[PDB]
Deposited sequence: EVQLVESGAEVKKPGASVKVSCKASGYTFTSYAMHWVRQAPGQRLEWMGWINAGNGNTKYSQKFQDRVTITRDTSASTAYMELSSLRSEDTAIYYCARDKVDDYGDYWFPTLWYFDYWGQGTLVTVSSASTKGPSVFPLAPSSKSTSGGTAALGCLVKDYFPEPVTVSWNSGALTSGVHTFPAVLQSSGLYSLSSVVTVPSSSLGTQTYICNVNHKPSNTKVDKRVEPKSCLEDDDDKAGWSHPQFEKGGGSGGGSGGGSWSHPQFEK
């Protein structure tokens, strides 16, 4: 049974460095190159580099030439990727993936079936923020909503009218800004006849900071 198991998620500040591990089981580790491929949330896969586990040779993408070190420990059957001088653009899921080296021990040309097994991926969040509660602003068939800005870390939970109002409600996934802090919004579609008559309160609570906030939304 071939398996690649990667380390758990990490949060780091811009300028610092992350090291992620990928432990291989079920196959002879030294007969393979280990590649690192990352994926920013909602985005495409991006190849970073590889190490030949049998002889230690490496190859890095020129985009990551200076900041990336890929190493290996044969006794532990473990590959390591270290990225230094982190920036906001480095927030991504980091995967390892294997490919076989040839029978002379060299990794000049890959096999045709490269990346046949992938690790499960490791989330890395680059941010300078510290545990902090959100700012709640209003937004106004009609659509009204709740803007939940500048919080850290995830998650935020939002309800409407303390749970009385569930129909036509949608809470969006969070957006990570240049700020280094998340944002989201929650929307509800209600009849326009009820706007001036009926009240709509947005309940956002963010337990990491232990902040419970209620906010009326009105024209």
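No C-alpha positions are given for the deposited-sequence stretches 141-149, 229-268.
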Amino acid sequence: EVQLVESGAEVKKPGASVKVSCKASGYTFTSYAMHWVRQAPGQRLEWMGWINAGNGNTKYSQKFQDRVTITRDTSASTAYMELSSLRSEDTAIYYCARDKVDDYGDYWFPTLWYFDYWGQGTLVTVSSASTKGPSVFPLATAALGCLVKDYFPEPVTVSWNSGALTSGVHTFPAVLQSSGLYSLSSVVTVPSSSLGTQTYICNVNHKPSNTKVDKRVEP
From here on, numbers count along this sequence of modelled residues.
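Mean CA temperature factor is higher for 142-150 when stretches 142-150 and 102-110 are set side by side in the entry. Per-stretch averaging of Cα B factors for 189-197 and 59-67 places 189-197 on top. Across the residues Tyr95, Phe137, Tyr117, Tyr80, the deposited record lists the maximum Cα B factor for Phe137.
For the set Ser178, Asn52, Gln39, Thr28, the PDB entry assigns the largest Cα B-factor to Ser178. Remark: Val156 belongs to the highest third of its chain, ranked by C-alpha B-factor as recorded.
Ranked within its chain, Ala24 lands in the lowest third, by CA B factor from the PDB record.
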